[PDB]
Amino acid sequence: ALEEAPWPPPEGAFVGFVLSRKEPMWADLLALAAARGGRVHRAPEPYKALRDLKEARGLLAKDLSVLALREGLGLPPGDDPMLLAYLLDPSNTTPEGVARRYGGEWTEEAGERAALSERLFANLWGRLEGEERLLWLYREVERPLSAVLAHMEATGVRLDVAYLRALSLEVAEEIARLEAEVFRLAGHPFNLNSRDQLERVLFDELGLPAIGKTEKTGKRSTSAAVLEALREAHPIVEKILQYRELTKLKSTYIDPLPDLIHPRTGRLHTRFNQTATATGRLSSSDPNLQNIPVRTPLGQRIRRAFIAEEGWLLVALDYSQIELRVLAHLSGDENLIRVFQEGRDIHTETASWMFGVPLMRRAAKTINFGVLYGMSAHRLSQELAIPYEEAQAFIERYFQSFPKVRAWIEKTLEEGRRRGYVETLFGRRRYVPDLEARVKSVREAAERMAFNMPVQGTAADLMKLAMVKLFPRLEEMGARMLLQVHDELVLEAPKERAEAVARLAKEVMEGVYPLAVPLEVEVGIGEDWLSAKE
DNA sequence: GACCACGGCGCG
DNA sequence: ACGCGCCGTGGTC
Ligand SMILES: Nc1nc2c(ncn2[C@H]2CC[C@@H](COP(=O)(O)OP(=O)(O)OP(=O)(O)O)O2)c(=O)[nH]1
């Protein structure tokens, strides 16, 4: 810092850069700087100076690296103080917060940013000393991962624009039809997009019972859950739910996506955020490609839009019940571990209401998804369509079949209260203080956040590690990693190597880290994201 | 134009 | 009575 010294910087310096916007793929490089040995180096011309650097180290290294790859420059990201802070406390998600917290100030000048990166790393890195397990995550997962992610953000994914443009016109017509029908029943036109106007119409201008109310402002809710219960109580309801689906997918996916194709690449680029979640998961944004619809017919039509480059094929890899398996391993429950040991499908195997294996099943498929979150009979009976206590009775059979689960939940909650945090299999930790709150609702909310983190975070660790190990193997085969959706990966491979890439990636993922239970991966190849599954 | 809270909903 | 990001609305600055 302080002493201004001419560019270029000495090797191994901390970089501070300024972008016109957050998205590195769309951002103009306004300023570039570096700091080292107590010196500040401000580049005369940012874009040119980019060539000098050998690797990116400093706050938000990956982003600068992404922009570098955009310009043909092979500039890999390295140390990033944000990554260290994220490992100390996953609540450290922003440079504004991190700086303020560890001896600095997040500015709009590259030099002060570069200097902030230098001292911020010194301090933070010191706080990580002794934390063997965290250091291991930083070196063996986080740091290397930042590079893999940088290459995914720069590669982007191919989108069938004309297809979506056409789908938009068809959906527009169907929306108009539902709009006219709803207005007819309402006896008058209003903003069907306005849940406020909808509330008045539904519960006041109609004999419709208000089931629940909104959290913050306490209005009569018009959530899908509420409307579901009223689907028979009125024709207009079903038409409103259908209107909801269409408008949701049209305004969020169908319309905005085509307009996001990058001019240089001709592909769709998302940002994979590394210090965003409280559990250790990745997040996707601008645009979010981890929530592309798939569960409904209309959603699946949208998913077909994501296609492979010509001469290429999409390879889709999904872990199967990875969080359940993580639980089986974390808890040590034999009667569960031995369900994945025998390769026996849990949902039907845990369909032990009587004996499989084989009738009421899928009621367990929702119990298994449900135990991870700590859902009670209410969310259960409602989503399963059964009496309130024809749901409670269920949940208790579960803890009797799998006692070691309850024991683990109990275990970690106790651990959490004591030291103030919980952790994953690899020692990634999340601080959750409200475990000692005197208000039950608040405390029981903290508890759910608390015992879910180790499970969801461990699965995140496994996927991350699997990506770090899988990446180099893909480069050697001229294949590329496109997207990650928490428990699934999407690769793009040349048709010829497609099947080879598929088999390899599968094994890299199944053996990423052996547990007291085998990890199972489903693999699919196709010209589009949808067909690449099944 | 920007950013906001909110209700709502897409995905794992 | 889990984890995210984005939409339109309604609203402010
Ligand atoms: N984490 C999470 N994932 C969900 C939820 N609802 C749906 N999904 C996604 C995750 C994977 C997929 C369900 O995968 P399963 O583990 O049921 O495996 P499957 O192939 O669907 O088996 P089956 O067809 O027998 O249900 O749907 C949810 O509430 N939480």
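First the proteins, then the strands, lettered A, B, ... as listed; each starts at 1. As the structure lists them, so they are numbered: ligands from 1, and atoms in each ligand from 1. Computed from heavy atoms alone, side chains included, the values below leave out hydrogens, waters and symmetry copies.
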For [atom], state which one of [options] supplies the nearest heavy atom.
atom: atom 22 (O) of ligand 1; options: A/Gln456, A/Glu522, A/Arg362, A/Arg361; result: A/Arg361
atom: atom 30 (N) of ligand 1; options: A/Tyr373, A/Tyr319, A/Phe369; result: A/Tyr373
atom: atom 26 (O) of ligand 1; options: A/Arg295, A/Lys365, A/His347; result: A/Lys365

Contact check, A/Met375 vs ligand 1, heavy-atom distance below 4.0 Å: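 So A/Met375 does not count as touching ligand 1.
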Proximity flag A/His486 to ligand 1, non-hydrogen atoms under 4.0 Å: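 For ligand 1, residue contact (heavy atoms, under 4.0 Å) with A/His486 is absent.
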Salt-bridge present (A/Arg158, A/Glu492; N to O < 4.0 Å):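 Not counted as a salt bridge, because no side-chain N and carboxylate O are separated by less than 4.0 Å.
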Salt bridge present between A/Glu527 and A/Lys495 (N-O < 4.0 angstrom):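 Looking at A/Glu527 and A/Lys495, the cut-off is met.
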Can you give each donor-acceptor pair under 3.5 Å made by side-chain atoms of residues 445-455 of chain A, sequence neighbours left out, with the distance rounded to 0.1 Å?
| unit_1 | atom_1 | unit_2 | atom_2 | d |
| --- | --- | --- | --- | --- |
| A/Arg448 | NH1 | A/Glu444 | O | 2.9 |
| A/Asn452 | OD1 | A/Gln456 | NE2 | 3.3 |
| A/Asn452 | ND2 | A/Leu372 | O | 3.1 |

From A/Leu164 atom CG to A/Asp160 atom CG, the distance as rounded to the nearest 0.5 Å: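 The CG atom of A/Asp160 is 6.5 Å from CG of A/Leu164, to the nearest 0.5 Å.
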Passing candidate, salt bridge (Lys or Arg N to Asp or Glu O under 4.0 Å) with A/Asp461, options A/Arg133, A/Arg281, A/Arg429, A/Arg428: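 The passing option is A/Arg428.
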